[PDB]
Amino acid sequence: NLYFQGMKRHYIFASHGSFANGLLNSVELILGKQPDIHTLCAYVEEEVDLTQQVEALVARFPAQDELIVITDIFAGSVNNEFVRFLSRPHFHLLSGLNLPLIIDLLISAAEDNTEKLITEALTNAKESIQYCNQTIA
């Protein structure tokens, strides 16, 4: 169909509850609509098993493409389910979903070195996360 500088990148935001959709909303209010971001909101329907939810979603993506998952929190059930995919080729797992993180990743998307992209974004994100009473003073 199309061609890519490196691989096609897909993004998954994954959270307990509706955080993932709400953060997508923030992103779209700033950087416009984002077709390659997909959300997983866990335990908003008691019938749905989380392993099936996560495994089914990951299995849908082409193995030749890059999958960048950003979860709500490291210690938690959502992250824990994606840890199995760390040995799947071109799979990238980040924990601690937040806005500066996502903005930096999307603005910097022309970077084809994925490890560079992700670590620079995490770093920029952590710098931006701050106590303003101290940093505006």
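Each residue number is its position in the shown sequence, starting from 1.
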(message) I need to verify one thing: averaged over C-alpha atoms only, is the B-factor higher for 98 to 106 or for 42 to 50?
(response) 42 to 50
(request) Tell me which of 126 to 134 and 1 to 9 has the higher mean C-alpha B-factor in the deposited entry. (result) 1 to 9
(request) In terms of CA temperature factor as recorded, identify the highest of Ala63, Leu93, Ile30, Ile73. (result) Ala63
(request) State the tercile, meaning the lowest, middle or highest third, of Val69 with respect to the CA B-factors recorded for its chain. (result) lowest
(request) Going by the recorded CA B-factors, say which third of the chain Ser77 sits in, lowest, middle or highest. (result) middle
